[PDB]
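Inspection log for the structure reproduced underneath, given as structure tokens.
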Amino acid sequence: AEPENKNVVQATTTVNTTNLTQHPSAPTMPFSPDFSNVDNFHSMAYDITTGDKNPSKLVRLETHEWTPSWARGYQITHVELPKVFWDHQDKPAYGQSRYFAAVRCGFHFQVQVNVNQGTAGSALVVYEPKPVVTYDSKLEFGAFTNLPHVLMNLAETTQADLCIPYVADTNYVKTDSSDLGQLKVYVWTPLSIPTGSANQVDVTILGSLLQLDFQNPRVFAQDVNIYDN
Amino acid sequence: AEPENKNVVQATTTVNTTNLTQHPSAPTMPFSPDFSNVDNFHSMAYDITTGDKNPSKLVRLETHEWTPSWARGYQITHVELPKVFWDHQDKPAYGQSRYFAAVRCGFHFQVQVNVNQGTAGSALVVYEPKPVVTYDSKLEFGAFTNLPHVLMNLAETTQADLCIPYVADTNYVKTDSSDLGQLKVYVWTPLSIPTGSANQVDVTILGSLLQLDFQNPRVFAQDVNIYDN
Amino acid sequence: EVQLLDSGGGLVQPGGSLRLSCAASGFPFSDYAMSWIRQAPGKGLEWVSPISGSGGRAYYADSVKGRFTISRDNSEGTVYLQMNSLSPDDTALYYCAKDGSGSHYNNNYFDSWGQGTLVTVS
Amino acid sequence: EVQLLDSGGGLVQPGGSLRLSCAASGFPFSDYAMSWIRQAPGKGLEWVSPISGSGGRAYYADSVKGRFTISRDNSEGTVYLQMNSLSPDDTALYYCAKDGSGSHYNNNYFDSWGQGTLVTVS
Amino acid sequence: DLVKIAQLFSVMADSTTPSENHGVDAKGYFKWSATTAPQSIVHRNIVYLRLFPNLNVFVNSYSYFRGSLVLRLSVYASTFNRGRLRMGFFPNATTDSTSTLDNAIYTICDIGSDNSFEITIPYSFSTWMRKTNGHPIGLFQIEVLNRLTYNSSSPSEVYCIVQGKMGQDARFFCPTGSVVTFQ
Amino acid sequence: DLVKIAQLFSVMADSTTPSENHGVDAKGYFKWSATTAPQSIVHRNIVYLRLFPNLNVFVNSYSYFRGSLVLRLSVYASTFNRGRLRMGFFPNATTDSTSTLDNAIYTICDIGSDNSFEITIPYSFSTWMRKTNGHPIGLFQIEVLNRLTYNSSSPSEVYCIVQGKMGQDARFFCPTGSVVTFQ
Amino acid sequence: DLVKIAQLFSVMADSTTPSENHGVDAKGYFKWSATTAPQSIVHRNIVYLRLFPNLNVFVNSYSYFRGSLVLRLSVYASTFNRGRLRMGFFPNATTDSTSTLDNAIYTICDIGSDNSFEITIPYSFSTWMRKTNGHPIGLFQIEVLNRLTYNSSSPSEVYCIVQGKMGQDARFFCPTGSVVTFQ
Amino acid sequence: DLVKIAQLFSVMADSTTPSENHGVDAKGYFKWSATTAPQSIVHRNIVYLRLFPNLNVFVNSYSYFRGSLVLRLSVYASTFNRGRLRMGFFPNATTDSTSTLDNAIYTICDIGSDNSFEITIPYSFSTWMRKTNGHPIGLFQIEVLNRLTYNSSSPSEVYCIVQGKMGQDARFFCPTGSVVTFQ
């Protein structure tokens, strides 16, 4: 579209900052809008839901630096994001949260990268579900855009938002064993930096983990710790 | 009164247990009911308030064991309770909470003791405010019942609830320096155990810290940690 | 293999305060209960205090009560004794020791002692 | 007074994995950044990885990248290197070392080394 | 229905009971004695579906859910003994602990003539059903806090028997081999 | 009123600025360069009332509150430079930190033509007023995340100037010695 | 008002208490033991305004009247102890005595669960106000009659704490040097 | 339905791509470089149903029609690169050629921010369905015309990924062995 594109640009705001893009590549937006539904079979509509400040803050994760130089031809990890948090980032409120019941997780993801007008070569991000995950067989790379694919254009934007609802028909899951959304942020083609651009694509991966359901009561507080496995 | 007394007995319930007394001695109940008000001058009605599950759970503190043997003639510490938590008990959700703005604290306190029908000799608990606090000069002991005094009777009850609203005209305070309510649970006269009673008065001190206001925004999550001093 | 290393003891004036430390290794420190026991010249062994796992319940002997304070740092797997209000009766060689409850009983047997730090309160 | 004590290194097969440990003392460990540097027979010193305070950002050298993992335990004031994918180029004496940024600059000078643990990947 | 049977507030192992052996007997009973201090732990009971006997046959005869888990205690105190504890008494398999557990489901009981409490545990679990497998559905912890208080008195020890129930759902699912039976 | 002056979105020390000495100059400006990684900290600014100059005179001329603290940034980027950070940018004197700060007040900015942000800090403080004393009202932290992105380009470095404002309350209280003046 | 403070049913010296020294402590407490006979006198407390401490500051800070004098007792009995006394408990400065005192203001209490009585003394005095001077406003006497009755039991001794209040008038008059204060 | 999957605008082999091997990768991508002249041919992609992988499984799982064939391209240009081609992009198996192809279905695209085109090929075929057999359903040709235009700039090369879709008919017919599966 019209650059600066509608679906594009974009804005995510909460405490206590407005953070404004140049804009989401595109958007990996919401398609045929199939969530399955927040309540499905599964939740009786029974389930314990959240939607509390810590998760919607951010994943605020750090992302992998892509350079001119990887190609083309590249995967990513999954950033299961709760998995990420449990291993790393942990987001004290997050630690307390992790310390619960099967979760109902949507994403809601932001990826911000900025080299400068000088840089060109996108990175194709992907939404594939529970990850069988092997880096070879580029056929997988060919096979997605089918799952949430927003896009990064150094030459056209500094911020990508990829939202993801919830996979796993199970409508709620056990975390230490399973992995719901794996959001891959990969390059299809690589960035190449001429002099008139910024010397740095440090990737950042923000998520936003939205509307997460949990099904036992336990104790869930905004500290973290308790009693998972 | 009529034993089992109305004002008495008493019941405090939340997740996930009903806990039932034989009854609050009496009650240190609420008098001329002067709080000052939840909103005073002070809070514009501006202030950030709580009333969240962790505090109302319990202080759940442990209390000092009083025996036959101390007399008469005895103080207690203050159980500022937030002070207690910061030093000890810490109640992860509590740690996260402590890690904020001046607080608006009421108590709401439960003290449970039980020896058996065999035991007799009360312990007089007290509500005095910010504590200048020296154990001698028994004159202080004489001077209170004037501040929240519920009472313990081993011979008549196993549970005391002392509620306390908020002292310090300041209507909100800074914690590391000041001490709002100091709730003293002291004996006026000592318990004496004959054989037909239980061999144990282990005191427990529960609080319940109710309707606590905090005035900066910071970050307050149900984890604990942040950024106090 | 349990290595309990103790520092911090030295000559102190009466009314003084020391902080003994004992650091542990080769065992999951934060599961085990830990005690300090002392040994006076011309005397046998007296257990002084022990602390329970999470740094939860601690108990003391009546002699030591309000004067001594026991604290664990689990993040560095260390044990602390803060000795306030020192009197000559407190002169001793202080040992840190590590106890275990075995399976599901209530006895705590010591399985390793440290080397001893001397506190001369004179 | 800084005491950095290192264990865990031993002879290992290629394709093997070791876990080195280094424990610190006499400094506020959890404020300082910490690095591992190695020294190959017939070679000078190469910085391998460093970790930042909270166990936050860590950096590695390109040789070591995905094979080695650096982790701190601040509660017991310890430093860990998990060496996966061992090759003979990794044979060396490994030292743990403690760096400081001084006042408010960006350089991190080492102020104390440990004694060295040997890793023979052969 | 099967449910009243599993249901109608049964009594429990819970654990193996340092027995008299009163602890078969018991089952329902942790011990209540006076104590050197009150806060110290005396119990830690593990719940499944499998394990403790009444739960066992039902659980094998099905392998899914519907339910909740109500544990209501009763006391054999005297005039003369009294008592108080608090019991967690814990869903699913968390923290293993003091405060975490207090943070849990909650009941505060007086053990005087009330002679009954409701501490109900819910299955707070990622999925509506957990299947019958070995590691654990999760722990129920009890803490006896303050003993008994007293008289002359009653021989000292006091005991409780725990009660077990689920709602809301009464109804499960998928039948499977029931523990009792022939061949 | 005095307030527009303190108020009308001023610019800030904030800190002493590793100067050129551009950092007087600056003041408002942390640095924006590319970076070896993006997440690493480059700043940590301390706020009072006292300290950084525009804040100083006002603060001495009063010693109470009414207010909030708005810091809105502006950028001197190019076509060619770009940039993003996130700034905390922190009330009162907490955690000192990454996530704790992100947990804070919040703004996410794009530094392209927008050329302005609102990161407003509130005084989240036990009492409505804090008096002028030495230790600290609390920290404002900035994190530059990702640099600049680019062109050919722009000499590499990019800079921001921070802006400072309070509402809601515009109005304070108690006048006291104002920093400027005669004798 | 000042009155709630003097007022809000305070506890009393009353006398110096053959102490433990529980009798500071006490204060409120005469002793309750069994007795060889029941009628014998054990107490004789003198009231002023001056003397016993809570009364003292108030009395110095004023030197007139409005008031009445309510003394309401409370008991620390057990199942097992019981008790009864009668207390006079005496206006103004009469007879010093048995029957004369019984003839007085009057309360008859059961000391079982009631745990409170109202024996209120009035100032029956020629003038509305008595000023603060040395000899005496008058005596309060207590008589413990029958002890305690019992059990196994409770260590034997039982104690009471007396309570003090005035109406009707809450309000006095003429302020004067208050006991507490600076210099 | 199966159709969204075949359907939801997929990306394509198309050909084997003189690879980097970026050309697996690619797939969707012909190359965009500058050129000595602009009109010269650089591509000639053959379409079936069989061949290029996403098309393959679907095609084996059915062997008839309903459909159309939409190929919509996207571009990774920069400020700095630009570009234009025209793509045929060809039904069924004609002329193999320049003008014949231009004569074909048609799209003219600008490759600037539009980042998407619709070149849809129809099956213009004697019968509604073509079955899965070896020789060819027909060619898709691309012509890159004019390169890229520019800057400083972008490393020179620019690439496109082609997109594939059919309507109108979404729905086919006759299921047959699907490429994926077990045994």
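To be explicit about the labels: the chains of the structure tokens are called A, B, and onward in the order shown, and within each one the residues are counted from 1, while ligands get numbers from 1 in the order they are shown.
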
Considering only C-alpha atoms, return as a PDB file with C-alpha atoms, in the first residue's frame whatever protein or nucleic-acid residues lie within 12 Å of range 131-135 of chain E, sequence-local ones (same chain, fewer than 3 positions apart) excluded.
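Result file is out-v3.pdb:
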ATOM      1  CA  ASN A 229       6.111 -29.034  38.321  1.00  0.00           C
TER       2      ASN A 229
ATOM      3  CA  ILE E  46       0.496 -36.168  48.582  1.00  0.00           C
ATOM      4  CA  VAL E  47      -2.729 -36.385  46.750  1.00  0.00           C
ATOM      5  CA  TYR E  48      -3.740 -38.816  43.845  1.00  0.00           C
ATOM      6  CA  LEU E  49      -6.179 -40.029  42.224  1.00  0.00           C
ATOM      7  CA  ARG E  50      -4.367 -43.351  42.009  1.00  0.00           C
ATOM      8  CA  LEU E  51      -3.045 -43.684  45.665  1.00  0.00           C
ATOM      9  CA  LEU E  55      -9.679 -42.660  45.457  1.00  0.00           C
ATOM     10  CA  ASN E  56      -7.883 -45.585  43.791  1.00  0.00           C
ATOM     11  CA  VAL E  57     -10.737 -47.713  42.509  1.00  0.00           C
ATOM     12  CA  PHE E  58     -12.651 -44.751  41.154  1.00  0.00           C
ATOM     13  CA  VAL E  59      -9.604 -43.349  39.505  1.00  0.00           C
ATOM     14  CA  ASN E  60      -8.795 -46.580  37.770  1.00  0.00           C
ATOM     15  CA  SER E  61     -12.383 -47.047  36.667  1.00  0.00           C
ATOM     16  CA  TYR E  62     -12.064 -43.708  34.891  1.00  0.00           C
ATOM     17  CA  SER E  63      -9.264 -41.725  33.452  1.00  0.00           C
ATOM     18  CA  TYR E  64     -10.583 -38.235  32.921  1.00  0.00           C
ATOM     19  CA  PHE E  65     -12.283 -35.401  34.618  1.00  0.00           C
ATOM     20  CA  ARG E  66     -15.166 -33.909  35.909  1.00  0.00           C
ATOM     21  CA  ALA E  93       1.298 -29.459  42.819  1.00  0.00           C
ATOM     22  CA  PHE E 125      -4.706 -27.730  35.949  1.00  0.00           C
ATOM     23  CA  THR E 127      -6.381 -29.230  31.061  1.00  0.00           C
ATOM     24  CA  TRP E 128      -9.814 -30.230  32.264  1.00  0.00           C
ATOM     25  CA  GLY E 138      -0.089 -32.747  43.517  1.00  0.00           C
ATOM     26  CA  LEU E 139       0.347 -32.180  47.259  1.00  0.00           C
ATOM     27  CA  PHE E 172     -16.540 -38.080  34.958  1.00  0.00           C
ATOM     28  CA  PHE E 173     -15.459 -39.641  32.113  1.00  0.00           C
ATOM     29  CA  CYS E 174     -14.053 -42.677  30.313  1.00  0.00           C
ATOM     30  CA  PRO E 175     -14.405 -45.843  32.156  1.00  0.00           C
ATOM     31  CA  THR E 176     -11.491 -48.132  32.662  1.00  0.00           C
ATOM     32  CA  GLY E 177     -10.452 -51.104  34.541  1.00  0.00           C
TER      33      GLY E 177
END

Considering only C-alpha atoms, return as a VMD selection string whatever protein or nucleic-acid residues lie within 10 Å of residue 114 in chain B, sequence-local ones (same chain, fewer than 2 positions apart) excluded. (chain B and resid 21 to 22 112 116 to 117 119 152 to 159 197 to 204) or (chain E and resid 81 to 84 110 to 111 145 to 150)

Take the selection from the previous step and output its residues with N, CA and C atoms, as an mmCIF file, in the first residue's frame.
data_model
loop_
_atom_site.group_PDB
_atom_site.id
_atom_site.type_symbol
_atom_site.label_atom_id
_atom_site.label_comp_id
_atom_site.auth_asym_id
_atom_site.auth_seq_id
_atom_site.Cartn_x
_atom_site.Cartn_y
_atom_site.Cartn_z
ATOM 1 N N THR B 21 -13.447 -20.179 64.673
ATOM 2 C CA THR B 21 -12.597 -19.758 66.181
ATOM 3 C C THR B 21 -13.963 -20.997 67.006
ATOM 4 N N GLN B 22 -13.094 -20.456 68.590
ATOM 5 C CA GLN B 22 -14.147 -20.675 69.381
ATOM 6 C C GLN B 22 -14.828 -19.389 69.629
ATOM 7 N N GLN B 112 -4.413 -16.210 67.180
ATOM 8 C CA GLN B 112 -5.038 -17.439 67.570
ATOM 9 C C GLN B 112 -4.183 -18.119 68.600
ATOM 10 N N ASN B 116 -6.374 -24.986 76.091
ATOM 11 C CA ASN B 116 -7.350 -25.942 76.539
ATOM 12 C C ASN B 116 -8.149 -25.337 77.658
ATOM 13 N N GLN B 117 -9.317 -25.946 77.986
ATOM 14 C CA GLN B 117 -10.242 -25.416 78.958
ATOM 15 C C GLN B 117 -9.541 -25.193 80.268
ATOM 16 N N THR B 119 -6.589 -23.952 80.759
ATOM 17 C CA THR B 119 -5.736 -22.819 80.940
ATOM 18 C C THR B 119 -6.444 -21.513 81.176
ATOM 19 N N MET B 152 -7.262 -12.233 75.097
ATOM 20 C CA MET B 152 -7.085 -13.657 75.000
ATOM 21 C C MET B 152 -7.449 -14.269 76.322
ATOM 22 N N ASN B 153 -8.270 -15.338 76.280
ATOM 23 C CA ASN B 153 -8.631 -16.086 77.449
ATOM 24 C C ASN B 153 -8.441 -17.528 77.094
ATOM 25 N N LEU B 154 -7.447 -18.190 77.704
ATOM 26 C CA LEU B 154 -7.220 -19.559 77.361
ATOM 27 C C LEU B 154 -8.409 -20.355 77.810
ATOM 28 N N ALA B 155 -8.932 -19.992 78.986
ATOM 29 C CA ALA B 155 -10.062 -20.621 79.594
ATOM 30 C C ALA B 155 -11.294 -20.290 78.820
ATOM 31 N N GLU B 156 -11.293 -19.194 78.029
ATOM 32 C CA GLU B 156 -12.475 -18.919 77.263
ATOM 33 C C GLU B 156 -12.129 -18.440 75.871
ATOM 34 N N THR B 157 -11.630 -19.324 74.971
ATOM 35 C CA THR B 157 -11.487 -19.035 73.557
ATOM 36 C C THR B 157 -10.225 -19.434 72.914
ATOM 37 N N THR B 158 -10.327 -19.649 71.578
ATOM 38 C CA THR B 158 -9.157 -19.938 70.808
ATOM 39 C C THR B 158 -9.178 -19.117 69.548
ATOM 40 N N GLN B 159 -9.040 -17.778 69.644
ATOM 41 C CA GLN B 159 -8.936 -16.941 68.471
ATOM 42 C C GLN B 159 -9.272 -15.547 68.834
ATOM 43 N N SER B 197 -5.433 -29.564 80.364
ATOM 44 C CA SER B 197 -5.388 -28.542 79.358
ATOM 45 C C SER B 197 -4.329 -28.979 78.403
ATOM 46 N N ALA B 198 -4.103 -28.234 77.317
ATOM 47 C CA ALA B 198 -3.136 -28.701 76.366
ATOM 48 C C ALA B 198 -1.798 -28.170 76.714
ATOM 49 N N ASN B 199 -0.746 -28.987 76.504
ATOM 50 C CA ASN B 199 0.559 -28.519 76.859
ATOM 51 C C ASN B 199 1.135 -27.713 75.745
ATOM 52 N N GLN B 200 0.578 -26.501 75.524
ATOM 53 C CA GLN B 200 1.170 -25.696 74.508
ATOM 54 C C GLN B 200 0.355 -24.495 74.245
ATOM 55 N N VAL B 201 0.934 -23.296 74.457
ATOM 56 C CA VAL B 201 0.384 -22.073 73.951
ATOM 57 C C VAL B 201 1.494 -21.630 73.065
ATOM 58 N N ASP B 202 1.340 -21.860 71.757
ATOM 59 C CA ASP B 202 2.288 -21.363 70.825
ATOM 60 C C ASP B 202 1.473 -20.265 70.242
ATOM 61 N N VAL B 203 1.997 -19.031 70.213
ATOM 62 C CA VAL B 203 1.130 -17.998 69.756
ATOM 63 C C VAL B 203 1.285 -17.860 68.288
ATOM 64 N N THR B 204 0.214 -17.403 67.628
ATOM 65 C CA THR B 204 0.262 -17.154 66.227
ATOM 66 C C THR B 204 -0.274 -15.785 66.062
ATOM 67 N N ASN E 81 -9.376 -31.575 75.210
ATOM 68 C CA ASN E 81 -8.336 -30.988 74.256
ATOM 69 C C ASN E 81 -9.068 -30.117 73.210
ATOM 70 N N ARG E 82 -7.790 -29.210 73.026
ATOM 71 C CA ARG E 82 -8.463 -28.520 72.096
ATOM 72 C C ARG E 82 -7.454 -28.734 70.721
ATOM 73 N N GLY E 83 -6.503 -27.495 70.400
ATOM 74 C CA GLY E 83 -6.200 -27.532 69.100
ATOM 75 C C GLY E 83 -6.878 -26.273 68.138
ATOM 76 N N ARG E 84 -5.610 -26.696 66.979
ATOM 77 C CA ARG E 84 -6.002 -25.492 65.673
ATOM 78 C C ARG E 84 -5.008 -25.912 65.044
ATOM 79 N N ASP E 110 -11.415 -23.441 63.963
ATOM 80 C CA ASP E 110 -11.288 -23.276 65.395
ATOM 81 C C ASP E 110 -11.144 -24.510 66.299
ATOM 82 N N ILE E 111 -11.230 -25.748 65.775
ATOM 83 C CA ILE E 111 -11.496 -26.982 66.507
ATOM 84 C C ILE E 111 -11.907 -26.946 67.947
ATOM 85 N N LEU E 145 -0.276 -25.342 63.497
ATOM 86 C CA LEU E 145 -0.019 -24.411 64.052
ATOM 87 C C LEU E 145 -0.101 -24.951 65.661
ATOM 88 N N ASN E 146 -0.810 -23.918 66.190
ATOM 89 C CA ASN E 146 -0.982 -24.072 67.712
ATOM 90 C C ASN E 146 -1.479 -25.175 68.077
ATOM 91 N N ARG E 147 -1.013 -25.644 69.095
ATOM 92 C CA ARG E 147 -1.840 -27.351 69.816
ATOM 93 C C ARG E 147 -2.635 -26.564 70.296
ATOM 94 N N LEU E 148 -3.450 -27.732 71.355
ATOM 95 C CA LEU E 148 -4.264 -28.164 71.894
ATOM 96 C C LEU E 148 -3.944 -27.052 73.166
ATOM 97 N N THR E 149 -5.165 -26.764 73.818
ATOM 98 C CA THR E 149 -5.196 -26.287 74.834
ATOM 99 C C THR E 149 -5.944 -26.616 76.129
ATOM 100 N N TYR E 150 -5.924 -26.366 77.572
ATOM 101 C CA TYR E 150 -6.471 -27.530 77.974
ATOM 102 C C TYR E 150 -7.067 -27.572 79.183
#

Would you compute the distance between CA of residue 160 in chain G and CA of residue 96 in chain G? Give it in Å to one decimal. 21.3 Å

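Minimum atom-to-atom distances from D:11, D:46, D:72, D:55 to chain A were compared using only C-alpha atoms, and the lowest value belongs to D:55.
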
Output as number ranges by chain the set of chain F residues within 12 Å of chain H, with distances taken over only C-alpha atoms. F: 79-80, 150-153

With C-alpha atoms retained, write the just-selected residues as a PDB file, in the first residue's frame.
ATOM      1  CA  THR F  79      16.551  10.127   6.683  1.00  0.00           C
ATOM      2  CA  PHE F  80      19.675   8.334   7.294  1.00  0.00           C
ATOM      3  CA  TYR F 150      20.495   3.688   7.760  1.00  0.00           C
ATOM      4  CA  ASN F 151      21.850   5.081   4.691  1.00  0.00           C
ATOM      5  CA  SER F 152      25.666   6.097   3.552  1.00  0.00           C
ATOM      6  CA  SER F 153      24.838   7.856   5.896  1.00  0.00           C
TER       7      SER F 153
END
